[PDB]
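Here the protein sequences come in this chain order: A and A'. A prime marks a further copy of an entry chain. When the letters of the first sequence are read in order and numbered with the deposited numbering, they come out as residues 94 to 184, 187 to 293. When the letters of the second sequence are read in order and numbered with the deposited numbering, they come out as residues 94 to 184, 187 to 293. All residues carry an ideal CB built from backbone N, CA and C; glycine is no exception. Worksheet: the structure to be examined is printed underneath.
Protein chains: 2
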Amino acid sequence: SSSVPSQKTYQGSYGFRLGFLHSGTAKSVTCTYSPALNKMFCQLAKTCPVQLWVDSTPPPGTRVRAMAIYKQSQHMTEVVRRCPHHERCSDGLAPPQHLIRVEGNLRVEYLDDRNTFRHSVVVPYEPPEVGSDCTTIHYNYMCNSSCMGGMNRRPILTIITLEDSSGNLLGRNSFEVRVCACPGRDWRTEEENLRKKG
Amino acid sequence: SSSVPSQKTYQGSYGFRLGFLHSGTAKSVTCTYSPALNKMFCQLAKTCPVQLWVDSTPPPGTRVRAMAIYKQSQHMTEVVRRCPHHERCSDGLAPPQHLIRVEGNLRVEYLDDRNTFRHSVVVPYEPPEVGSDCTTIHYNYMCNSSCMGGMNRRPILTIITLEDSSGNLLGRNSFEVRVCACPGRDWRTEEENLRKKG
DNA sequence: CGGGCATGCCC
DNA sequence: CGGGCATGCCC
Ligand SMILES: [Zn+2]
Ligand SMILES: [Zn+2]
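See below:
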């Protein structure tokens with residue numbers, strides 16, 4: 094069986110989808126999202142809010158999992174990891192080899208798959224508070240996309256899966272990520288490239 | 094006492110000096126030397142011939158030591174090391192944390208100073224073969240100057256000391272090193288910069 | 001802050 | 001091979 098996890102969108106019977114906050118114009122904004130590219134541009138080790146939207150209420154015990162995969166076919170089979178440098182100078188529960196962290200959640204779990212060796216981070220699904228339409232999770236990416244010996248400039252996808260306590264896949268979505276020093280610059284560059292030569 | 098080793102030229106009573114081979118014009122020549130800058134430009138993990146010249150014969154048991162130091166005052170006190178990435182994917188006698196290796200010598204010693212924590216690599220001094228005016232040692236630099244988490248774009252000096260078996264300093268010389276992908280390009284850039292704004 | 005250097009890599 | 005993109009950093 095494949096050790097490459099699915100990246101195929103599956104909004105499912107609960108109508109699961111992701112949302113992202115709008116950002117300012119700054120060259121080095123901390124986080125910004127491109128709907129045209131389905132791609133988040135963000136700085137390393139800084140908050141990256143991702144909203145979870147559903148049309149129907151998931152059952153009690155539903156979990157929210159995040160996992161990085163390399164986008165390009167030629168790299169899909171390689172596990173996405175922290176580079177050796179940031180792993181060694183790493184700063187609570189997260190193993191230093193994990194790229195993706197969740198902040199501000201008391202029930203975060205970090206998993207190293209016994210068979211596929213892939214990393215993921217899981218929190219309980221909470222329904223939106225009354226008067227809210229979505230649930231926000233604060234992700235952190237602990238390397239730049241360019242990190243030598245880690246992502247090494249290879250674009251990644253973040254796969255968000257909604258899973259019941261039994262392990263059934265309820266929903267899956269994904270978005271591309273570039274972790275970089277200047278998210279505003281690089282977003283504009285890539286959207287201009289899309290228009291000019293895409 | 095200082096943990097910063099001397100970089101002061103001391104040609105000494107044996108008239109000790111370094112020599113360097115001339116190189117071609119290629120953008121990515123493997124090794125090239127600038128007399129104006131006293132600076133070697135070379136590729137990582139590739140041979141970097143350094144000639145030892147003396148006017149008088151050193152005594153039996155003389156040793157040749159090489160050691161890297163950061164050139165800029167603000168970094169002199171930090172030990173020059175291999176970056177975490179190249180340390181982890183490191184390929187005989189050299190500890191993977193050492194930047195500088197010697198190839199082709201059966202009597203190489205690698206030393207980690209017990210008190211200053213500085214790395215060095217030592218070989219016996221051999222007199223030039225008859226019909227030769229110098230002795231060539233093949234050094235290898237195992238990171239680029241730009242390596243994240245190692246030299247991190249900070250220029251280094253290589254200090255070559257001639258030492259008798261008793262530990263007396265007989266001679267000291269040094270040269271600046273930039274380990275980079277394109278030594279020919281970067282040499283020309285830096286010599287042009289010297290002329291234009293030095 | 002935004003203009004522009006930096007430098008291994010471009011597949 | 002040499003022209004030029006790349007992208008964290010410029011002190
Ligand atoms: Zn990293
Ligand atoms: Zn390195």
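Inter-stretch contact (C-beta, 8 Å, three-pair minimum) for the region 241 to 253 of chain A and the region 219 to 231 of chain A: no
Separation of A':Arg-174 from A:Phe-113, as counted between CA atoms: 42 Å
A':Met-246 at chain A interface by Cβ criterion, 7 Å: no
Helix, strand or coil at A':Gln-192 according to DSSP, with G and I counted as helix: coil
Near ligand 1: A:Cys-141 beta-carbon under 6 Å from a heavy atom: no
Residue environment, A:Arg-273, which counts as buried when at least 16 other CB atoms sit within 10 Å: buried
For A':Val-173: DSSP bridge partner residues: Answer is none; A':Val-173 lacks a bridge partner.
A:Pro-222 classed as buried or exposed, judged by whether at least 16 other C-beta atoms fall within 10 angstroms: exposed
Contact residues within the region 165 to 181 of chain A, judged by C-beta distance below 9 Å to chain A': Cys-176, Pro-177, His-178, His-179, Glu-180, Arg-181
Contact list for A':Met-237 against chain A, beta-carbon separation under 9 Å: Within 9 Å Cβ-Cβ: nothing; A':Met-237 doesn't reach chain A, min ~14 Å.
CA-to-CA distance, A':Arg-283 to A':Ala-129, given in whole angstroms: 11 Å
Own chain residues within Cβ distance below 6 Å of A':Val-172, not counting five before or after: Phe-212, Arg-213
Simplified DSSP state of A:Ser-166, which is helix, strand or coil: helix
Contacts of A:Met-160 in chain A' (Cβ-Cβ under 8 Å): Under the 8 Å cutoff, chain A' gives no residues; its nearest Cβ is about 23 Å from A:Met-160.
Near ligand 2: A:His-178 beta-carbon under 6 Å from a heavy atom: no
Proximity to A:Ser-94 [Cα-Cα], best of A:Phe-109, A:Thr-170, A:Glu-180: A:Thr-170
Nonlocal neighbours in the same chain, by C-beta distance under 6 Å from A:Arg-280, ignoring five residues either side: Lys-120
Residues in the region 133 to 153 of chain A' having any Cβ partner in chain A nearer than 9 Å: none
Distance cut-off 6 Å: residue 186 of chain A Cβ against heavy atoms of ligand 1: Missing here is residue 186 of chain A: after 184, the next number in chain A is 187.
Distance cut-off 6 Å: A:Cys-238 Cβ against heavy atoms of ligand 1: yes
Reduced DSSP secondary structure (H/G/I, E/B, other) of A:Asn-247: coil
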